[PDB]
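Coordinate analysis (summary)
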Number of protein chains: 4
Amino acid sequence: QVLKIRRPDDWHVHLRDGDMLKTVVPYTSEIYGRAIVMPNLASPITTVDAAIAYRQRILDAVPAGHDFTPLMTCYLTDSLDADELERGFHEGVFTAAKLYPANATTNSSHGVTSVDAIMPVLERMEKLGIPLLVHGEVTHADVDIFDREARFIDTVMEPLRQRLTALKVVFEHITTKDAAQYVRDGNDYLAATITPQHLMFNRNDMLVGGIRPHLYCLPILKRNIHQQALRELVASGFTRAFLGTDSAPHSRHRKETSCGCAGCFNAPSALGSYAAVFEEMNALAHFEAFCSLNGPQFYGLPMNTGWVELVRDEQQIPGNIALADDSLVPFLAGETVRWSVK
Amino acid sequence: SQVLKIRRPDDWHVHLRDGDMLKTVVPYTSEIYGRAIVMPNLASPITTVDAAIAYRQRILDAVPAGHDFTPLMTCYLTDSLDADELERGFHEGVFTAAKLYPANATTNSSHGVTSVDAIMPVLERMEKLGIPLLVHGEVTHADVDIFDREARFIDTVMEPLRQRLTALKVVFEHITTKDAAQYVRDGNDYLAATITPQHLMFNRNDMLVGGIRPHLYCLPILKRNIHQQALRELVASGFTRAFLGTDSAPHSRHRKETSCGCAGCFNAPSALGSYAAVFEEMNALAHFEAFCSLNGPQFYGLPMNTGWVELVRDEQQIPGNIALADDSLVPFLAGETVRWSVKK
Amino acid sequence: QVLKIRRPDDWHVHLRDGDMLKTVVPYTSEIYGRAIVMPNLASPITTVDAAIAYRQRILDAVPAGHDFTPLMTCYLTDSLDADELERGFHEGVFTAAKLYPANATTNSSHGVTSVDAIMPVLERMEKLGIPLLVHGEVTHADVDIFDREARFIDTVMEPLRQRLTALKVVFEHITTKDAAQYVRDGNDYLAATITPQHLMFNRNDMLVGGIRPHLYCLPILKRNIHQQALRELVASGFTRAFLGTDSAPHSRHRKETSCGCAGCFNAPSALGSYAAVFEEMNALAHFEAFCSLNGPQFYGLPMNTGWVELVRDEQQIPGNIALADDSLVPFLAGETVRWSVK
Amino acid sequence: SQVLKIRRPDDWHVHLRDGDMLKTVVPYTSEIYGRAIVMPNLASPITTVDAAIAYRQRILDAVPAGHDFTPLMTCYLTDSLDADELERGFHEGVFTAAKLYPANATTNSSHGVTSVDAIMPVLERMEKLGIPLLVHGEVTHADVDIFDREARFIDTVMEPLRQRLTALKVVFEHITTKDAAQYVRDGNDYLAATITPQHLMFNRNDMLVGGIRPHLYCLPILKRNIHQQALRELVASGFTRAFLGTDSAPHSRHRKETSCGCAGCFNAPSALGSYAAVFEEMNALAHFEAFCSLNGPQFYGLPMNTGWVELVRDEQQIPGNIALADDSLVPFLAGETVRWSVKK
Ligand SMILES: [Cl-]
Ligand SMILES: [Cl-]
Ligand SMILES: [Zn+2]
Ligand SMILES: [Zn+2]
Ligand SMILES: [Zn+2]
Ligand SMILES: [Zn+2]
Ligand SMILES: [Zn+2]
Ligand SMILES: [Zn+2]
Ligand SMILES: [Zn+2]
Ligand SMILES: [Zn+2]
């Protein structure tokens, strides 16, 4: 069987920089028309000039013939000038801005201390129509890791949305039934992205019969009941949830070690993985919208013009993707997948 | 400068492995503990007396001269174990207790028990003979969330088993929950528990926040802070049916820092000092000796040790790496400075 | 090593009658606590009195100490009175009723002409909670033998189940990926039995490098892909598939001849054969459920109280089993098997 | 009764066996057929000229006086066969053709060809000399389903071989599929095929429905009815590159009715009348003579027979059994009434 869809987009991806970038860009560019490129580089993307330079590094690494456009984001920080974000948006450089968890001790050039501290930039985004992408977790030491997303909803997301009622918000990589229900019952200004790992697995898959660092990502995999809620949300054809891989590559040496980094390198296997989930939920009819229509509609962008075909032909995901000095282990490395791109 | 002198402790739950690993890890246990309950989950489980005698000899071969240490062997319960094999090992002074591993609950447990009914005849003989039952109390069904496995075992397996065999001595090994803490606290004199240093010292956030830490990954898995606090309060209260059991379970670095890391903390090198730290933090040093050196022997009907061990509140760093023949071993709290250390 | 399981049951067996019954019963009674005894004698079991008499001839032949209970079935025929099955069921004589393939030219006292013809009895079964055991094949002359099972699913099973939605149905001796999927994707009122031959072999084993009538049975062995679907179904731990040997003995003279009868005499070697299949599939943890728990659960009967132990002692299956005038050739006759009962 | 007179036919594919079996079966072929292609798969395959001459003499010894019959011998192809042995036999009038049996494809085929590359020099010499290649077209890999073996052979072996040797005469023996029927129908003048009576009269249901019938078991195996219909349609069209080849392959009853029955139908006694029946059913009796007596000779470049055989639509029963020295032989359609019979 063949599954033909309009060329999809990836509404949440990390392309890194330098040699990493050169290696990972092709996995996104071959398949996706556009991708929302997250801004969390060593020196975060907090200026139009840096965004332009990063965009060109990305373009330099796209293989010949890939019809790919990187959509850049601004990393919100306490010290960010609202005029810088405005300038970048007005010039087509910034498509959106990303809010990472607040911490009172974060350096002002590297993050936000509180939503209060950046209300002027948020208000400017509301004025201009700039989408706010949110990593919705509280990161206070006394909050259990598994409760961080639910806590954010109540302490940060709801009060923020109640104030900036015309602000477009994407609740990124949702992982709980709490978020699924909040987004489901929300208004037209609220959307969400969902990763392939949060649909395919739960915390047992990461911790039962051994510990699996390649399944370790943030927000952390939750209880089976949460996974079930996310699968049911996409299976329903809900129009405000769309594809965001959160492909977040780290070298093998940084994953398989005493303190492993959070992040699943899923760009090489994500699309076929989502196809598998939709098939298992008897929801293939809703697959195209999730991958290729819902995100564009929410962002006010046109759907892609070309097509991508997936075939139910069993292929094996490589165990390793070579980098210059180390390697990347892809999501589902070594496994035989049911759907592959034609 | 502060010195804490206690009667020589015992480790009521340890894994010594075999071969080169055994030679490397045995000394960390034998130097400090008078006796240790040696778990039977080897590649080929210890299910016969001859296997247990051979293994014990490999253990003795690796004990340095001068170490007052006696390994207490255990029998790995299986569905088809003949009650007579355990009984003669018990009479021959080979088996001190029998260990119940639910199949696939942890390391080398594919041969574990699949139902209590299947081993009921063995359990009944154990009850007659006064042989203690050591239990890894976790259900293993795929639909049960990992953090719920111990609590579920209490309701579905432990309680019914105890209602059947009312005179069987049971040790709820390495308790990790408030559920088990309360169950044991409110249980009768035939019920005891062991508690590891990691379940007192950490909770799941310490294994998952700011990075994933395979060296803190063990089974039963570290739980929510509320459980950790219940365990700390239990030991701080001087509860007499909870005692030292490290569950030291070493795996080489290559089996830990990999795509599918094995469960187990190699805590033998730092456990006693870690327990000391917890008791101090709970203002319960008055109950420390009992936990380490009296509660276990009393429950097992064994004499208390006659030698001594001194701990000093002098900073010492746990090694970053322990060499093996073709890999390395990472100790629990590797490279970290610890508050209390055992004086040589 | 040793595999200890709760005493199993055989949910589909043919014990024949007379001298053959005296010979074959011990192979079932020694190992199984209970068995569903098929009703296809020369004069089929279609009355309570005939089922009571046959049950006693079976009990007469059980060696001392076996503790075996035959569970009797009623052969469904166009002429059967619903009240006769009801009586037999209330009196504990009939445990279930068996539906053999329909044929418009079958004698009314020997079979069914169509499911329509027996709806009143099927409706009575549904009302009372009597399980329907189905030999699911269409036997029309223009249907290829390898297609008979699939054809039955679409033309008879699905419409029957859509109407009698509260009727418990056991799809007997399934042999196709079609049936495996149908049952797997079914509701709690649908179960299946699987023979050792359908797990161990495929049609090549019966027809390549010689023709092997001792592997000839109905439904016929299918292509390797079907055998693989059956092995994957039991290896998954699927709770609605259970042990049914379909042991169907015929004398050597009736098997090795110009027109050989269908049926494998597998009672003597079935349990060890299943153990080997589960071992090959790295699925021994599910072996007990298949043999001793799933069937009792579906039928609403208690699990057996005793145990059976299988050991890796490689023993040989006899070349034959003596009868009065001829002999029986067991399944895997003369072969060395990996697992045997202790 | 309708009388059908045809030019004396030939059987382009027969197994005469050896010893007592040969003495019993040769007469069934020699009485009716002017010539027969005698297959080389004896216990010790016919791979040398001297072996062929000796065998041919044993065949002649068994031919009744008055039977106008000439056995045409074949060389069993093997990986190591020297082209010179086949060439000399061809020139000496011993070998009419060479038969390719894929290793383990059928009866006495363990010494068969394992790769077309291994015998390429022989095939190239056959091409230059005009020696036809007779092929048992089935792959033998264990993973390939028996019903797909013929179709797979066309794609993986036959087509590449024919593309390599464009002037080699090839007979696709006993075709059983629509795949092969269409391949031959659409092929060039260097390709032909033989068709047995069983593949025209029956499909796999006839062998497996309501009982298992080893006497209908042959290789290539009977296929689905759609294949049978493609074969009947092919011959009914009067297609000129398909001709009579019974593949009469006798086995004693003890070798057929047993736990592992041999492949082969003993159809020589009833074949011609059986073909007559099929052609009649297809309203194709006008093409019957060509199928039986002209198409093969034309492809092989041999003259048509000069004698005659008459078939009458008088029903006769095929015997239930044929006596042998220490067993019995069951003929194709044993004990059945047949519509057409050859007139003595
Ligand atoms: Cl919870
Ligand atoms: Cl097919
Ligand atoms: Zn994030
Ligand atoms: Zn991200
Ligand atoms: Zn344990
Ligand atoms: Zn342990
Ligand atoms: Zn049947
Ligand atoms: Zn049956
Ligand atoms: Zn052939
Ligand atoms: Zn032949």
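1. Side note on the overall build of chain B
For chain B, the count of helices and strands is 13 helices and 15 strands. At 19 Å, chain B has a C-alpha radius of gyration in line with the 20 Å of a compact globule built from 344 residues. Its C-alpha atoms give chain B principal-axis dimensions of about 55 × 45 × 45 Å. Summarising the internal contacts of chain B: among those between residues at least 6 apart in sequence, 73% fall at separations of at least 24. About 12,700 Å² of surface is accessible on chain B, with carbon and sulfur atoms providing 47% of the total.

2. Topic: the UniProt feature "active site" in chain A
Residue and element names in this part refer to chain A. Mapped onto this numbering, the UniProt entry annotates "active site" at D246. Mapping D246 onto the fold places it in the loop between strand 9 (241-243) and helix 10 (252-255). Accessibility expressed as a relative area gives 8% for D246, which makes it buried. Residues in contact with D246, not counting those within four places in the same chain, are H12, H14, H173, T195, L218, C264 and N266.

3. Topic: the UniProt feature "binding site: Zn(2+) 1" in chain A
Those residues carrying the UniProt feature "binding site: Zn(2+) 1" are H12, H14, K98 and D246 of chain A in this numbering. In terms of the greatest pairwise C-alpha distance, the residues named above, spread along 235 residues, form a tight cluster of at most 13.0 Å across.

4. Re the sheet that holds strand 15 (residues 340-341) of chain A
Strand pairing within a sheet occurs via backbone hydrogen bonds; the two strands may be parallel or antiparallel. All names here are of chain A. Spatial ordering of the open sheet is given by 1-10-15, a layout of 3 strands whose pairing is antiparallel. Each end of this open sheet is capped by a strand with a single partner; those strands are strand 1 (2-6) and strand 15. Here strand 10 (residues 307-311) pairs with strand 15 via 2 bridges, running antiparallel. Following the sheet pairing, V311 is matched in strand 15 by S340. With respect to the sheet, helix 11 (residues 270-280) is in contact with strand 1, strand 10 and strand 15, its orientation differing from that of strand 10 by roughly 65 degrees.

5. A look at the layout of surface pockets
Approximately 1,100 Å³ is the volume found for the second largest pocket. In terms of lining residues, the second largest pocket is bounded by 21 residues, among which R338 of chain A together with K177, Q181, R184 and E232 of chain C are the most central. When contributions to the lining of the second largest pocket are tallied by element, the ones reaching two or more residues are helix 11 and strand 14 (336-337) of chain A together with helix 6 (177-184) and helix 9 (224-235) of chain C. Taken together, the residues that form the lining of the second largest pocket break down as 6 nonpolar, 5 polar and 10 charged.

6. Overview of the coordination of the zinc ion (ligand 8)
Residue and element names in this part refer to chain C. Donor atoms from the polypeptide that coordinate the zinc ion (ligand 8) comprise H12 (NE2), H14 (NE2) and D246 (OD), at 2.1 to 2.2 Å from the metal. Considered as a linear motif, the donors of the zinc ion (ligand 8) on their single chain read H-x1-H-x231-D. The distance between the zinc ion (ligand 8) and the zinc ion (ligand 7) is 3.4 Å. Considered together, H12 and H14 belong to a single accessibility category, that of buried residues.

7. Overview of empty space enclosed by the protein
Inspection of every chain in the model, using the stated rule, returns 14 cavities of 30 Å³ or more. Here the largest cavity defines a volume of roughly 130 Å³. Around the largest cavity, the lining comprises 18 residues; the ones closest to its centre are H15, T106, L219, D247 and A249 of chain D. Of the residues in the lining of the largest cavity, the class split is 6 nonpolar, 9 polar and 3 charged. Contributing to the lining of the second largest cavity are 15 residues, with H15, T106, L219, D247 and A249 of chain B lying nearest its centre. A breakdown of the residues in the lining of the second largest cavity according to their chemical character gives 4 nonpolar, 8 polar and 3 charged.

8. Thoughts on the coordination of the zinc ion (ligand 5)
Residue and element names in this part refer to chain B. Listed as protein donors to the zinc ion (ligand 5) are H136 (ND1) and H174 (NE2); their distances from the metal cover 2.1 to 2.2 Å. Between the zinc ion (ligand 5) and the zinc ion (ligand 6) the interatomic distance amounts to 3.4 Å. Of this pair, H136 sits in the loop between strand 6 (133-135) and helix 5 (149-164) while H174 sits in the loop between strand 7 (170-172) and helix 6 (178-185); the two residues are 38 residues apart in sequence, bridging distant segments of the chain.

9. A short note on the pairing of strand 10 of chain A
The sheet contact formed by strand 1 of chain A and strand 10 of chain A spans 5 bridges and is antiparallel. Residue pairing in the sheet places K4 of chain A in a bridge with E309 of chain A of strand 10 of chain A.

10. Let's talk about the interface of chain B and chain A
Many authors give the size of an interface as the accessible area that is lost as the parts come together. With 28 residues of chain B in contact, the opposing surface of chain A contributes 27 residues. Of the roughly 2,400 Å² buried between chain B and chain A, counting both surfaces, carbon and sulfur atoms make up 52%. Three residues stand out in chain B for area buried against chain A, namely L208, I212 and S259 of chain B, and they jointly supply 25% of the buried area on that side. Our count for the contact surface shared by chain B and chain A stands at 4 salt bridges. Between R224 of chain B and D147 of chain A there is a salt bridge; the shortest N-O distance is 2.7 Å. Taken together, the links from chain B to chain A amount to 16 residue pairs in polar contact. If one sorts the elements of the side of chain B that touches chain A by residue count, helix 8 (residues 204-208) of chain B sits on top with 4 residues. Of the residues assigned to the side of chain B that touches chain A, the class counts are 12 nonpolar, 8 polar and 8 charged.

What counts as what
- Counting of residues restarts from 1 for each chain and follows the sequence as written, so the numbers need not equal those of the entry; residues with no coordinates are not shown.
- Each chain takes a letter, starting from A, and each ligand takes a number, starting from 1, following the order in which they are written.
- With hydrogens and water set aside, each side-chain value is computed from the structure's full complement of heavy atoms.
- The helix and strand labels rest on DSSP assignments: H or I over at least four residues marks a helix, E over at least two residues marks a strand, and numbering proceeds from the N terminus.
- Throughout, the radius of gyration refers to the C-alpha atoms, and the reference size of a globule is 2.2 Å times the residue count to the power 0.38.
- The contact rule is simple, with two residues in contact once any of their heavy atoms fall within 4.5 Å.
- Each accessible area value is a Shrake-Rupley result obtained with a 1.4 Å probe; residue values ignore everything except the protein chains displayed when judging cover.
- UniProt positions are given in the numbering used here, feature names are shortened, and annotations may be inferred rather than shown by experiment.
- Any residue under 20% of the maximum accessible area for its type is buried, any over 50% is exposed, and the rest in between are partly exposed; the area is computed with a 1.4 Å probe on protein chains only.
- A pair of strands is labelled paired if DSSP reports no fewer than 2 bridges between them.
- Axes here mean lines fitted to C-alpha atoms, for a helix over just the part in contact, with angles spanning 0 to 180 degrees between N-to-C directions.
- Both site types are read off a 1 Å grid over the protein atoms alone. A 1.4 Å probe that fits but cannot get out defines a cavity, while an open set with protein on both sides within 12 Å along at least five of seven lines defines a pocket; lining residues have an atom within 4 Å of a point.
- Grid points are joined across faces, edges and corners, and a volume is the space filled by probe spheres set on the points.
- For this scheme, ten residues count as nonpolar: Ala, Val, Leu, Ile, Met, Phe, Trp, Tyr, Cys and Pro. Four count as charged, namely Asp, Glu, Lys and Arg, and the remainder, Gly too, count as polar.
- Coordination partners: N, O, S within 2.8 Å of the metal, 3.2 Å for Na, K and Ca; water not considered, so apparent gaps in a site are possible.
- The buried area of a pairing is the accessible area, by a 1.4 Å probe, that goes missing from both parts when the two are put together, added over both.
- Salt bridges are counted wherever a side-chain nitrogen of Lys or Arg sits within 4 Å of a carboxyl oxygen of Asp or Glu.
- In protein, a polar contact requires one atom able to donate a hydrogen and another able to accept it; more generally it is a pair of N or O atoms within 3.5 Å, and residues adjacent in sequence count only if both atoms are side-chain atoms.

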